[PDB]
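*Asks:* If you scroll down you'll find the structure; I have some questions about it.
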Number of protein chains: 2
Amino acid sequence: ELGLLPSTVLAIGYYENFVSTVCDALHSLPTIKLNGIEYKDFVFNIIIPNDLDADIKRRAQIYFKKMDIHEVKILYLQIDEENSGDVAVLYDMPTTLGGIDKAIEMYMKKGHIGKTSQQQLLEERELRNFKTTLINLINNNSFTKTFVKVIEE
Amino acid sequence: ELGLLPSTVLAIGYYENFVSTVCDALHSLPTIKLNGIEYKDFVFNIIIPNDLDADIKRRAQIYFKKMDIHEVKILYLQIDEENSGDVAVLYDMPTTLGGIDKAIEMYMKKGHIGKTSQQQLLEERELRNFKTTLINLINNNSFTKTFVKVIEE
C-alpha cells in the first residue's frame, strides 16, 4: 500500500529537488563560507513536525525563532551558529508537507473545524511514512548518507 | 477519494513552487526580454504527458527537441520563438510527475517488466486528476488565470 501514498511522492520530490540540490551545492564550494566562517563539512538536520498543517512554513518560522537558528541562503536554509564549530549544523522543516492538508482541505465543504478520526490516523501514518522513505533515500546514496539526518520536532 | 491521491499534492506543489514562482518572476520584469526580444505578455503551456514514466524529464527532453522549442532560463523554461510575436509562448512538461512511477517502483521487487492492469488504471486516473487539480488552481487565481493553459501532449 506504500508507493501509492502522497507522503512517498513528497519525500522523493523533497529528496531529489531539495536535499540532493543543497548537498551538491555545498560540496561544490571551494570553501564553505557562511557569515564569514569557513567550515570543513556540514550536517543537514531535517525536522519532521510532530503535527501536520496546511501552513508548515508558518510552523517552521515559529520553530526556528523559538530555537534561535539564523537564516543561510545558497536557496535558503537555517544554521545554529552557536552549536556549529568546523561542522556547520543546518536545518529545514519540509514546507512541502503542508500539501497533505492542502489537498484534503481542497475537495471538501468550507465550514469544517478540526479533523475526523479517519483524518488524524491518516496524517499520523503519512508523517511516519515520509520520515521512513526520506531516511531510506538518504542512506542509499553516498552523496547524502553521511551529510543528512532526519529528527523529530 | 480526491485529496488523498498523490496527483493532488503533486499539482499543488507544482502550482505553488513552479507555476506561481514563474508568473510572478515574469510579471516582476520591467520588460520581458528573452534572446533580445521584448514581449508585452506570455502564455505558459503546461504539457500533460499522454503516458507516465519515472523519467518524465527524459520524455520532456525528447518532446521539446521533436517540437523545436529553445530553452529560456529565469529557473529554466522552453519558448517556441517561431510561433511567438508580442506574446511569448512558453512550455513545461512537469518532471514532478515522474515521482508517481518512482514511488510505485520503490517498495516493489526488482525484476518487474511492465505494469499490472491495476497499475495502468491508476496512472490514467492520476494523470487526469493532476490536470483537473492544476486547471482548478490556475483558474481560481487572478495571478495565473489568464497566463497559464494546460494541454495534452
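Numbering starts fresh at 1 for the residues of each chain in the C-alpha cells, the chains themselves are lettered A, B, ... in the order given, and ligands are numbered from 1 as they appear.
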Contacts of residue B:72 at 12 Å or less, counting only C-alpha atoms, minus same-chain residues fewer than 3 places along, as a ChimeraX atom specification?
*Replies:* /B:22,26,32-37,69,75-81,88-92
*Asks:* Let's have the selection written as a PDB file, in the first residue's frame, with N, CA, C and O atoms.
*Replies:*
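Now in again_34.pdb:
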```
ATOM      1  N   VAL B  22       7.013  31.447 -11.435  1.00  0.00           N
ATOM      2  CA  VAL B  22       7.441  31.841 -12.792  1.00  0.00           C
ATOM      3  C   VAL B  22       6.538  32.959 -13.326  1.00  0.00           C
ATOM      4  O   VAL B  22       7.070  33.877 -13.938  1.00  0.00           O
ATOM      5  N   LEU B  26       8.072  36.649 -14.139  1.00  0.00           N
ATOM      6  CA  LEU B  26       7.917  37.272 -15.475  1.00  0.00           C
ATOM      7  C   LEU B  26       7.091  38.562 -15.352  1.00  0.00           C
ATOM      8  O   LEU B  26       7.343  39.494 -16.131  1.00  0.00           O
ATOM      9  N   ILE B  32       9.899  42.210 -20.501  1.00  0.00           N
ATOM     10  CA  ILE B  32      10.154  40.757 -20.760  1.00  0.00           C
ATOM     11  C   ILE B  32      11.089  40.630 -21.975  1.00  0.00           C
ATOM     12  O   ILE B  32      10.599  40.781 -23.105  1.00  0.00           O
ATOM     13  N   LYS B  33      12.367  40.317 -21.739  1.00  0.00           N
ATOM     14  CA  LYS B  33      13.452  40.318 -22.754  1.00  0.00           C
ATOM     15  C   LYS B  33      14.062  38.917 -22.798  1.00  0.00           C
ATOM     16  O   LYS B  33      14.855  38.599 -21.887  1.00  0.00           O
ATOM     17  N   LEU B  34      13.659  38.103 -23.784  1.00  0.00           N
ATOM     18  CA  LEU B  34      14.154  36.717 -23.997  1.00  0.00           C
ATOM     19  C   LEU B  34      14.861  36.654 -25.355  1.00  0.00           C
ATOM     20  O   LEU B  34      14.222  36.978 -26.364  1.00  0.00           O
ATOM     21  N   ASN B  35      16.145  36.272 -25.361  1.00  0.00           N
ATOM     22  CA  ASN B  35      17.041  36.316 -26.545  1.00  0.00           C
ATOM     23  C   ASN B  35      16.730  37.584 -27.344  1.00  0.00           C
ATOM     24  O   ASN B  35      16.337  37.461 -28.512  1.00  0.00           O
ATOM     25  N   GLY B  36      16.843  38.750 -26.712  1.00  0.00           N
ATOM     26  CA  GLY B  36      16.914  40.058 -27.403  1.00  0.00           C
ATOM     27  C   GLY B  36      15.557  40.556 -27.882  1.00  0.00           C
ATOM     28  O   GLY B  36      15.514  41.628 -28.539  1.00  0.00           O
ATOM     29  N   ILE B  37      14.486  39.828 -27.547  1.00  0.00           N
ATOM     30  CA  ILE B  37      13.094  40.113 -27.996  1.00  0.00           C
ATOM     31  C   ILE B  37      12.285  40.581 -26.785  1.00  0.00           C
ATOM     32  O   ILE B  37      12.255  39.855 -25.784  1.00  0.00           O
ATOM     33  N   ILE B  69      11.522  23.626 -29.678  1.00  0.00           N
ATOM     34  CA  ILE B  69      11.367  24.676 -28.640  1.00  0.00           C
ATOM     35  C   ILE B  69      12.747  24.891 -28.013  1.00  0.00           C
ATOM     36  O   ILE B  69      13.409  23.900 -27.693  1.00  0.00           O
ATOM     37  N   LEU B  75      13.354  28.940 -13.007  1.00  0.00           N
ATOM     38  CA  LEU B  75      14.794  28.668 -13.275  1.00  0.00           C
ATOM     39  C   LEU B  75      15.004  28.555 -14.792  1.00  0.00           C
ATOM     40  O   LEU B  75      15.586  29.489 -15.353  1.00  0.00           O
ATOM     41  N   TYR B  76      14.514  27.476 -15.423  1.00  0.00           N
ATOM     42  CA  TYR B  76      14.668  27.193 -16.882  1.00  0.00           C
ATOM     43  C   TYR B  76      13.320  26.779 -17.486  1.00  0.00           C
ATOM     44  O   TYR B  76      12.581  26.001 -16.856  1.00  0.00           O
ATOM     45  N   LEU B  77      13.051  27.242 -18.711  1.00  0.00           N
ATOM     46  CA  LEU B  77      11.767  27.033 -19.443  1.00  0.00           C
ATOM     47  C   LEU B  77      11.985  26.999 -20.966  1.00  0.00           C
ATOM     48  O   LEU B  77      13.044  27.418 -21.463  1.00  0.00           O
ATOM     49  N   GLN B  78      10.950  26.605 -21.683  1.00  0.00           N
ATOM     50  CA  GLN B  78      11.002  26.393 -23.133  1.00  0.00           C
ATOM     51  C   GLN B  78      10.146  27.469 -23.805  1.00  0.00           C
ATOM     52  O   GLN B  78       9.039  27.700 -23.321  1.00  0.00           O
ATOM     53  N   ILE B  79      10.650  28.086 -24.871  1.00  0.00           N
ATOM     54  CA  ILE B  79       9.889  29.065 -25.698  1.00  0.00           C
ATOM     55  C   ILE B  79       9.909  28.619 -27.162  1.00  0.00           C
ATOM     56  O   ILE B  79      10.963  28.275 -27.647  1.00  0.00           O
ATOM     57  N   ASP B  80       8.748  28.590 -27.807  1.00  0.00           N
ATOM     58  CA  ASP B  80       8.593  28.438 -29.280  1.00  0.00           C
ATOM     59  C   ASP B  80       8.742  29.817 -29.933  1.00  0.00           C
ATOM     60  O   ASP B  80       7.712  30.467 -30.163  1.00  0.00           O
ATOM     61  N   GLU B  81       9.981  30.232 -30.208  1.00  0.00           N
ATOM     62  CA  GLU B  81      10.328  31.582 -30.716  1.00  0.00           C
ATOM     63  C   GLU B  81       9.599  31.845 -32.035  1.00  0.00           C
ATOM     64  O   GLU B  81       9.045  32.966 -32.184  1.00  0.00           O
ATOM     65  N   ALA B  88       4.993  35.854 -25.706  1.00  0.00           N
ATOM     66  CA  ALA B  88       5.963  34.736 -25.621  1.00  0.00           C
ATOM     67  C   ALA B  88       5.216  33.439 -25.289  1.00  0.00           C
ATOM     68  O   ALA B  88       4.480  33.435 -24.300  1.00  0.00           O
ATOM     69  N   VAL B  89       5.387  32.383 -26.092  1.00  0.00           N
ATOM     70  CA  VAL B  89       4.682  31.081 -25.898  1.00  0.00           C
ATOM     71  C   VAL B  89       5.659  30.085 -25.256  1.00  0.00           C
ATOM     72  O   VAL B  89       6.479  29.497 -25.993  1.00  0.00           O
ATOM     73  N   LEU B  90       5.587  29.964 -23.917  1.00  0.00           N
ATOM     74  CA  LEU B  90       6.464  29.143 -23.045  1.00  0.00           C
ATOM     75  C   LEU B  90       5.783  27.818 -22.735  1.00  0.00           C
ATOM     76  O   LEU B  90       4.549  27.767 -22.679  1.00  0.00           O
ATOM     77  N   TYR B  91       6.594  26.812 -22.452  1.00  0.00           N
ATOM     78  CA  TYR B  91       6.172  25.400 -22.260  1.00  0.00           C
ATOM     79  C   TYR B  91       6.907  24.800 -21.064  1.00  0.00           C
ATOM     80  O   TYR B  91       8.100  25.125 -20.826  1.00  0.00           O
ATOM     81  N   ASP B  92       6.222  23.898 -20.377  1.00  0.00           N
ATOM     82  CA  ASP B  92       6.841  22.934 -19.436  1.00  0.00           C
ATOM     83  C   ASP B  92       6.049  21.631 -19.491  1.00  0.00           C
ATOM     84  O   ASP B  92       4.829  21.697 -19.608  1.00  0.00           O
TER      85      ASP B  92
END
```
*Asks:* I need the chain A residues near chain B as a PyMOL selection string; criterion: at most 8 Å, counting only C-alpha atoms.
*Replies:* chain A and resi 2-10+12-13+96+99-100+102-107
*Asks:* Show me, as a count of residues only, the residues that have an atom within 12 Å of residue B:93 when counting only C-alpha atoms, minus same-chain residues fewer than 4 positions from it.
*Replies:* 32
*Asks:* Please list as a ChimeraX atom specification every residue within 12 Å of residue A:29, counting only C-alpha atoms and excluding residues in the same chain fewer than 6 positions away.
*Replies:* /A:22-23,38-42,74
*Asks:* Residues of chain A in alpha helix (DSSP H) according to DSSP, as a CSV table (one decimal) with C-alpha atoms, in the first residue's frame?
*Replies:*
```csv
chain,number,residue,atom,x,y,z
A,6,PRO,CA,1.3,11.1,-1.2
A,7,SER,CA,3.9,11.1,1.6
A,8,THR,CA,6.1,8.7,-0.6
A,9,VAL,CA,6.0,11.1,-3.7
A,10,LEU,CA,6.5,14.1,-1.4
A,11,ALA,CA,9.7,12.6,0.2
A,12,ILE,CA,11.1,11.7,-3.3
A,13,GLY,CA,10.4,15.2,-4.5
A,14,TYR,CA,12.0,16.7,-1.4
A,20,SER,CA,20.2,16.5,-3.2
A,21,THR,CA,20.3,20.1,-4.7
A,22,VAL,CA,21.8,21.5,-1.4
A,23,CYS,CA,24.4,18.8,-0.6
A,24,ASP,CA,25.8,19.1,-4.2
A,25,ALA,CA,25.8,23.0,-3.9
A,26,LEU,CA,27.6,22.9,-0.5
A,27,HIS,CA,30.1,20.1,-1.8
A,56,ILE,CA,4.1,24.2,7.7
A,57,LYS,CA,6.1,27.3,6.6
A,58,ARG,CA,4.4,29.2,9.5
A,59,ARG,CA,5.1,26.3,11.9
A,60,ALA,CA,8.8,26.3,10.7
A,61,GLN,CA,9.1,30.1,11.1
A,62,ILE,CA,7.9,29.7,14.8
A,63,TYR,CA,10.2,26.7,15.4
A,64,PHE,CA,13.4,28.3,14.1
A,65,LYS,CA,12.7,31.6,16.0
A,66,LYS,CA,12.0,29.5,19.2
A,67,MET,CA,15.4,27.8,18.7
A,99,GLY,CA,0.3,19.9,0.7
A,100,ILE,CA,-1.2,16.9,2.6
A,101,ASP,CA,-3.7,19.2,4.5
A,102,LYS,CA,-4.0,21.5,1.4
A,103,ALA,CA,-5.1,18.5,-0.8
A,104,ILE,CA,-7.5,17.3,1.9
A,105,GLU,CA,-8.9,20.8,2.6
A,117,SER,CA,-10.9,10.2,13.5
A,118,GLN,CA,-10.1,8.8,9.9
A,119,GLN,CA,-8.1,12.1,9.0
A,120,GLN,CA,-5.9,12.2,12.2
A,121,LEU,CA,-4.9,8.5,11.7
A,122,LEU,CA,-4.0,9.4,8.1
A,123,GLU,CA,-1.7,12.4,8.9
A,124,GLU,CA,0.0,10.1,11.6
A,125,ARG,CA,0.8,7.3,9.0
A,126,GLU,CA,1.8,9.9,6.3
A,127,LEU,CA,4.2,11.7,8.7
A,128,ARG,CA,5.9,8.4,9.7
A,129,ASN,CA,5.9,7.1,6.0
A,130,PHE,CA,7.6,10.4,4.8
A,131,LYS,CA,10.3,10.0,7.5
A,132,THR,CA,11.0,6.3,6.6
A,133,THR,CA,11.0,7.0,2.8
A,134,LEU,CA,13.3,10.1,3.3
A,135,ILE,CA,15.8,8.2,5.6
A,136,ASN,CA,15.8,5.2,3.1
A,137,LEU,CA,16.7,7.6,0.2
A,138,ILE,CA,19.4,9.5,2.3
A,139,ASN,CA,21.1,6.1,3.3
```
*Asks:* Quick one: pull the distance between atom CA of residue B:71 and atom CA of residue A:143, Å, one decimal.
*Replies:*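 These atoms are spaced 28.6 Å apart.
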